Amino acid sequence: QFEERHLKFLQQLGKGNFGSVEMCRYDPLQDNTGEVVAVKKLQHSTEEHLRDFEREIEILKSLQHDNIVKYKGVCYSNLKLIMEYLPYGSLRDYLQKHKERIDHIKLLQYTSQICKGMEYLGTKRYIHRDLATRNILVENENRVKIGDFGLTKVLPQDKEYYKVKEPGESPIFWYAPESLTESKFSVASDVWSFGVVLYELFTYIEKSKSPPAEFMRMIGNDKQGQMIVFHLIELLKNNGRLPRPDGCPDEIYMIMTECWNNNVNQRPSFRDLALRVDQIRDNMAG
């Protein structure tokens, strides 16, 4: 395990939901030779949030994949999750900085990795719910990882969806329609959100091109709080979709639109998305 007293704070990496992640150095020999690790804690530690956190810890402990952030351990006194530190930060920030250096062939490499990591989760009947470029992390130039499992749920034995209505701010512009209407989350709603991730990447995180900004423009910025979700629901029901990003080939946009099917069952699987992305990659290399 990890001793609280040997964990030296370096910086805050992110703050969100009811938790934070910190860059720390675990230096149990106090000779400044310990490794830098990522440390996740709760901001305001409730009982329901701590039980979620414990499950989250067991979720990640159970996962071992090249494209999923490595579990290192836990720290007791208030529970803390110790993970590997990924030095290049979020795919969101990284893409925005190196937008002139990252070509479509690279975006597809990242996309394929995201798919493989996502398929590995579905293999364990884990539903991620929260997939976005902000929580996909960059280990190095040739490798990304799914970096946070804060909202990840296990499916019940007898069902292919999981129903959950959480209070507060929900990332609604990444959600499938049936998640907005019925609070149903599944592998197929993760596929929807993966479509939004694909979109993000191909916008190169241009600010005015983000899903919130695009959907808000399509709805009309004169909308307030609770009416937003309602109008979004209607737009999706009427086959309103995010536009093709500048420079996106039509066959990559086709992947996106196929992920965004209103019919939960007609969305592609993560194994087929990977095959299709890999095939497009292979053709761009020739």
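Here the rigid core means the biggest group of C-alpha atoms that line up within 1.5 Å when the two forms are laid on top of each other. Residues carry their position along the shown sequence, with the first being 1.
- Looking at 103 to 111 and 144 to 152, the one farther from the shown form in 7 other deposited structures of this protein by average CA distance, after a rigid core fit, turns out to be 144 to 152.
- With each structure aligned by its rigid core, the stretch whose Cα atoms sit farther from this model in 7 other deposited structures of this protein, between 57 to 65 and 44 to 52, is 44 to 52.
- Among other deposited entries of this protein with both flanking residues present, at least a third omit coordinates for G168.
- Omission of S269 is seen in none of the other entries compared for this protein where the adjacent residues are built, far below a third.
- Deposited sequence between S77 and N78: 4 to 9 residues lack coordinates.
- Across the two stretches, 213 to 221 and 53 to 61, the PDB entry reports the greater mean Cα temperature factor for 213 to 221.
- 10 to 18 and 260 to 268 differ in mean CA B-factor, and the higher of the two is recorded for 10 to 18.
- Of the candidates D130, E169, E119, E200, it is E169 whose Cα B-factor is highest according to the PDB record.
- Comparing C-alpha B-factors across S179, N135, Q157, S193 in the deposited entry, the largest value falls on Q157.
- Among the modelled residues of the chain, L236 sits in the middle third by CA temperature factor in this PDB entry.
- Residue-level temperature factors show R101 in the highest third of its chain, judged at the C-alpha atom.
- Annotation for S189: C-alpha temperature factor in the lowest third relative to the rest of the modelled chain, per the entry.
- Among the modelled residues of its chain, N140 has a C-alpha B-factor that falls in the middle third, as given in the PDB entry.
- Looking at the C-alpha B-factors along this chain, the one for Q113 belongs to the lowest third.
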